[PDB]
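Participant: model this:
(chains A, B, C, D, E, F, G, H and I)
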Amino acid sequence: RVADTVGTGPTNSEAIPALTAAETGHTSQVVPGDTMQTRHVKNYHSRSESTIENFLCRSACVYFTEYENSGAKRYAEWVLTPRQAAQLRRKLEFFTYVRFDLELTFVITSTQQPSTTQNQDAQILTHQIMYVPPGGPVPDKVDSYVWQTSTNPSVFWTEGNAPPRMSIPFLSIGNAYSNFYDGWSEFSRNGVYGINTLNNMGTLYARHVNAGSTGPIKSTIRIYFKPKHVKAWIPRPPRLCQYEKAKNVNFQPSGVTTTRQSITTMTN
Amino acid sequence: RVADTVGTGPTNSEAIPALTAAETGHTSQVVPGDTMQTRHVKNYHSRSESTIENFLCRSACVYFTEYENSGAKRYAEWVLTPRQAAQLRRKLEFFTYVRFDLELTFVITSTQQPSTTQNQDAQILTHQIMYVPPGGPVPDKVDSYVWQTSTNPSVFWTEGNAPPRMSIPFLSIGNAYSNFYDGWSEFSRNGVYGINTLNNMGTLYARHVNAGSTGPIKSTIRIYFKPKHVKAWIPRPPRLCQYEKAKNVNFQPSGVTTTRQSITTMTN
Amino acid sequence: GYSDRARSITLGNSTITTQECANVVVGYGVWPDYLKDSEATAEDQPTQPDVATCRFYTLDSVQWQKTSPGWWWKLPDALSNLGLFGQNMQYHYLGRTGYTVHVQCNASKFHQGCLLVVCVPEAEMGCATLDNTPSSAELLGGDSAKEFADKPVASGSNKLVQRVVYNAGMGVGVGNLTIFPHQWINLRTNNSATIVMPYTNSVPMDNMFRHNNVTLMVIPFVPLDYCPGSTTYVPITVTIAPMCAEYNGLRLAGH
Amino acid sequence: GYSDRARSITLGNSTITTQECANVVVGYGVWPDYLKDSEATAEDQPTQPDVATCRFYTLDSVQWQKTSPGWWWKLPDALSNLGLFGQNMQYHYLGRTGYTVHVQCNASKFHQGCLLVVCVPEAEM
Amino acid sequence: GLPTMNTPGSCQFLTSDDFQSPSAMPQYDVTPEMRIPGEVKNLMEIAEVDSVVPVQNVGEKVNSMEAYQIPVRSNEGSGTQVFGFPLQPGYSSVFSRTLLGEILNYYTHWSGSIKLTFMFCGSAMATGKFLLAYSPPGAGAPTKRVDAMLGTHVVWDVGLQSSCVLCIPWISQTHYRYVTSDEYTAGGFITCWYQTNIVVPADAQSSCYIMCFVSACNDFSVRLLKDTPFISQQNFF
Amino acid sequence: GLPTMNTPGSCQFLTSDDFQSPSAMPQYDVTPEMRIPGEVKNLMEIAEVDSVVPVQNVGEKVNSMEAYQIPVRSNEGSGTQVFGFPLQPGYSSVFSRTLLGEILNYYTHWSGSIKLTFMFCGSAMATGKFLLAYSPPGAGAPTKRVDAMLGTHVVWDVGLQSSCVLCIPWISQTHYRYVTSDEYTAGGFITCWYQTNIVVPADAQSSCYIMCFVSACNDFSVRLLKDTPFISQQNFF
Amino acid sequence: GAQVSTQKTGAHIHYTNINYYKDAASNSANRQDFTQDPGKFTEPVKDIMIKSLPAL
Amino acid sequence: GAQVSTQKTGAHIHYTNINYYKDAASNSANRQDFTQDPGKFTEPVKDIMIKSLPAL
Amino acid sequence: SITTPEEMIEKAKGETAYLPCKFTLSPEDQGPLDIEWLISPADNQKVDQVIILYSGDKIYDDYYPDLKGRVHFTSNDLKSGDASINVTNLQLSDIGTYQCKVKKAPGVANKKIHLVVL
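Facilitator: Numbers count the residues shown, from 1 in each chain, chains lettered A, B, ... in the order given. Please find the structure below.
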């Protein structure tokens, strides 16, 4: 809920709430009643939707890639990082350190490519998505022995069913993930600035278990990241300029804000 | 959970914990505090994921074979043995005797083969998987009378549905399965060395219940083995060289480990 | 009968005295303290010099001209070559410390100007190349103060930090910098700004060489102005004192 | 069932282990301790690093030849360029410290020899 | 074997749903929580912190530190307007980029009071009096100091106290407004005039500047979570 | 007839799941449990057992029993280095094949102390003193015995007691490290020097060897179960 | 072991939730967690400042 | 006959499980079974060896 | 990750140009290391032409005729982050764009160097 307005009457006194000093870095926190006559009001409005759990706990598409049932490209590999999509990324960059659980949902759709192949019979396509931990072996080819997934979590999905969903616990050698790292990985400071061993989750591999049809088919996989049980520390100013590279906060200088015809102008 | 570090101070005394004898075969078990000054630390780390149930209870692909809806090969037969796949096998070979429950999951995918057949109409393909106990009759042909499965457990699966799954109780004439058998089945020692009547489960038969379409179709079945309620006895050293034959521990001599430029070298 | 705008801070063998101050900003309400036995990780006993390491270290002054864009400092890096503090980290692998930033600047009633003193943790700065990262020398200036650029830095193939004052090198609005602990010096009301910062990092302790926990930035929103016959040269001295410092991982000196 | 000629001393992050020692001579019966508030003179608070300064510092070895006359060291001077201890005094006017001297030398049963280890305060030469 | 009947909405993926999913890694021990300062539990706390607002956002000034500063001087006249802007924190260019405006762009409705703090940045000898004022909707933006006085106003006198705070009271027909520009839910007009002329002594600048800080009150709320237009992307990074 | 609604993740096969399945054979009596020695209930117990480590893994020595042995001798010099290797049990070649290294390859993170036991394998008349030492990260591998002494070190004297144990303390910024090689989470450097020269009598070998045993402490844990790269397969057996 | 909690309702009813996984990170989001503490960001000053009293 | 147990949670909540088969080998894995007894592998010696006392 | 991937090197004729392509690998990277040095000519003729290739722990020095026995890897480790080449005889033709590719699955890193000879 929120604070209720308090009724006030005309007051003549030495007390001066409005006068203050902004140099102290202290917010004035002056209610409307201090500077004007108000009427008692019983506010029933509640700050429920402005909470971090409500703000950050929504599914947002972070990356979509495609693969084929034939040809050179037969499998797709993506390393887990949320800086791929500007939207979810900007919301996350609001704070310095964030600790949260992760929920992954994948939407897979297959589109038949143009071909001269005739008498095409298609069998229900089955897709396998394998998650590889950091330092784990990565499959060289689509028909590699790695796809055994003995100790690697993997999900098998058949088309016409609800999208596959799995819940990942917070993984970080450090106490919390770091959105911004100031420094170099090397003790000699001769490496890419801002690189951190933190925020490393894993790599996702997606392929077709079976060819399905003689004719060519291309499938696109979209990865959705929904934060859960989120925690935030040290709030910082929101991004003002468009993101150029995921690896570095490199930006192009941008006008503080939009202009107007002149001061004293009530319109844009 | 794990042990908490204990704070220590400089000590001058006759007691000599670091000095010991490795000939006794006894691990020294010396904490950091015995040889240096430490600060009290309240460790909250827990050895949960290192348990045998957590280590071995994961689904791992052990064998995949294919069959057709026409032609010579119409059914596929595989005898139950986990030595087919090196991954799951190496994890199991960590101990000498292991007793555990077994869970089987099968993933079946059908791919249309190239053909000159025209006007191909496909009907939802139904696959039958039959488990045969040791000493049970084995079907000679796809349309044999054995597929009645009166006393043989069998599962019927239709494409577009979740993969079929069944739970098998520990089966072994002996008290526990034996990973390594030293000896001969024959009292006269004139037979294949290491053969044991133990670890014999059964044979799996997979076929298409109906042809489905005039055009040729080939389906591949993958068998997954997930151990449950596992127990381990007598730990042994992990495999150092690549597996050659499932039947015998035959190996090719392999370098103890990788080499480096010289001793005193900090890199590979 | 004490005065609200009168104060004195005593750390080690150094004392600062201000007769015209606004107040003291204690970070996010947390006062510098040592590591507890529950949140610690390094099993070895921590070494705390306390008197030698924690004391006021005065850096070189800067000149506040009418066109001065702004200046910035790396708190861990700045004191790396000064006193025992600098020596201590040279011989220690890990280091955890808090700071008290007392920016000093004075002018006559006739002089009019305004400055912003703010401590920004993890201030990752951008680079003009838009493909490379800023060089160590450009980002870090030990025994010096790195300055901001009014006009945008030229884009080319090199490692130069975008010194744009309005984006401040972090690609964010300069006006939104008040979210972090900060204080304002106006030559009509303030003569100094004092800020106390608690140690803030994801990990319990971290390397003090390749990693910088906080960054001090002094930016004038309203420029320095005065009539002729007045004092043209106006300096700014920054005094930083470590608080509750402690180190772990004794080794041969170096980086 | 400990052995009389077996010992181990742990200071800071360094540990020495001897499996053939005679005993330990504690000066004139006084064990190194800090300055009391009654016998002190400097009014300023003393700084005690403790873990960094107090730890074993191994000096360069010497060769014991058949004609070796003898060797000598200045304890405060010897450690002036080693570790934080050396750095600490470089930045401090006054300094008060105690020491533990562990001379090490080993030889086979067949080898025969004899050495004298002694600490002489104020050895004006 | 329990009889079950599915309902409309089965096997569907709603981005904003709250269901339970299986864990990809079972029995995983996460790192213990560590005490980190400035923990945030609600977005409003961030929006209650004063943010510098660039009132003079005109021409090339938005590319310089001059946009934030507000000019005042000694003029042989009275009743002149220091500045003027509408009460549109979500839509107006002046507030669209403030900590308040940046947060108000992820929500559809907003209801509460707004605090405006003005800090005189002149010399100690410089003195003056201004008329900070807020005018309700349904009346044309006041053009003279006579018209502006009618609405909520605060006479500010330069003094040892560096800043004076003007608190815009919440005066609306409906319980909430719209962050996007909307004629029906008109906010109001905020203007500043010269109550008295700036007075300076000899060998002292007659041209000074002012700083504006905008934060929210203890009765400010937002609703309907929506995406922010500002951030744009044509390809992945 | 109960109304039901499916959610995202229905009819999916997650390898690491914990659900109930029907029994292929109903009412089956299994063989009664028998008491077998050396029962294992946790992988860590196996990893706490001393494992011989081949420090001298150079050239063709890895194909012989010489890789495990470490050479020492009587040399007219002092302060020389017996050996040197980094603290990387999961990645370093020296520890990649030990009982500890073999188990650390199925996990991603590892956090705890490590015990190194050195057993002198010379004659009874042979005597000597070595300086076992561990140096923290952020400093170059020590090149002389002066530099090495600065870090955690243990003076070892040959005596009736055959072996001396060096316990590497856990000194890391983060709570865990990475089993795979990683620059950010640098472990440290372990080196051995000659505190005193080896001294032997007449008609006695001046060349001896040492054995190293590496085990984990009572505060060692691992996380993130992953597959081991070592085992490879191109076809079924 | 069912947890009964109050549904989000307007001003001027109940729901039952059970956990089917022991993982706990497999649970739903804590939507009903409204706590406010802006004092640190708004006033992180050392000496408390009363509004009635003048700042300096 | 529902069994309520504690979920795996971090340091520094509950789940209900029912068995729908009488087979019992049809149950889920016993993930929460953490027991440590390395004494047999580390020290299988006949005479207990105290660290303070010298080995031989 | 390659340090300063975009850069420009200026050297006089016959001065031996050293091109630095030092990289750093992430934990996920576990695939075979493949280095590929491809040169784009300033002549405006066919571009993306390879000069020197390092794969399967072996080196190939014959993919571009003009540079015959002139391109050698500066470091002999190569697995180490440092993967640099140096042209011994700088010539007027040398002017062009040189691209360095470090491919270790998952993740590919590329560095582009503009070479000008005075």
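Participant: quick one: residue A:5 from chain E, how far?
Facilitator: Distance, residue A:5 to chain E, using Cβ to the nearest Cβ, to the nearest Å: 7 Å. Where you see a C-beta, it was placed from the backbone N, CA and C, and this is true even at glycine.
Participant: Report the contact partners of that residue.
Facilitator: A:31-33, A:38-41, A:43, E:219 (Cβ atoms under 8 Å, 6 or more residues apart in numbering or on different chains).
Participant: In chain I, what residue comes closest to chain E?
Facilitator: residue I:107 (14.2 Å; Cβ to the nearest Cβ).
Participant: hmm, back to that, chain I: which of the contacts of residue A:5 is nearest?
Facilitator: residue E:219 (48.8 Å).
Participant: how deep is that closest one tucked in, by neighbour count?
Facilitator: As a burial measure, residue E:219 scores 20 neighbours (other Cβ atoms under 10 Å in any protein chain shown).
Participant: Residue numbers of chain A in contact with chain F?
Facilitator: Residues of chain A lying close to chain F by Cβ under 8 Å from any Cβ of the partner chain are A:105, A:132-137, A:145-146, A:149-158, A:161-166, A:171, A:173-175, A:185-187, A:191, A:195-198.
Participant: coming back round to it: next, work out how far apart the nearest residue to the residue of chain I closest to chain E once chain neighbours are set aside and residue C:90 are.
Facilitator: Closest residue in space to residue I:107, ignoring its immediate chain neighbours: residue I:29 at 5.9 Å, by Cβ to Cβ, 6 or more residues apart in numbering or on different chains. Residue I:29 sits 33 Å away from residue C:90, taking Cβ to Cβ, to the nearest Å as the criterion.
Participant: Which of these two has more residues huddled nearby?
Facilitator: More crowded of residue I:29 and residue C:90, by other Cβ under 10 Å: residue I:29, with 24 against 20.
Participant: now the more buried one: how far from residue A:208?
Facilitator: 25 Å.
Participant: same question, residue A:66
Facilitator: Taking Cβ to Cβ, one finds residue A:66 at 11 Å from residue A:208.
Participant: So for the two, which residue has more residues nearby?
Facilitator: residue A:208 (23 against 14).
Participant: Flag every residue of the stretch 51-200 of chain C that's near chain E.
Facilitator: C:109-114, C:150, C:165-166, C:173-179, C:184, C:186-189, C:198, C:200.
Participant: change it to 7 Å
Facilitator: C:109-112, C:114, C:165-166, C:173-176, C:178-179, C:186, C:188-189, C:198, C:200 (Cβ under 7 Å from any Cβ of the partner chain).
Participant: What remains of those if I keep only buried residues?
Facilitator: C:110-112, C:114, C:165-166, C:173-176, C:178-179, C:186, C:188-189, C:198, C:200 (16 or more other Cβ atoms under 10 Å in any protein chain shown).
Participant: And the contacts of the lengthiest helix in chain C?
Facilitator: Criterion DSSP state H: the longest helix present in chain C is helix C:83-91. For helix C:83-91, contacts defined as Cβ atoms under 7 Å, 6 or more residues apart in numbering or on different chains pick out C:49, C:52-53, C:57, C:79-80, C:95, C:208, C:242, C:245, C:247, C:250-251, C:253, D:84, D:87, D:91.
Participant: same thing but at 6 Å, please
Facilitator: If you take Cβ atoms under 6 Å, 6 or more residues apart in numbering or on different chains as the criterion, helix C:83-91 is touched by C:49, C:52-53, C:79-80, C:95, C:208, C:242, C:247, C:253, D:84, D:87, D:91.
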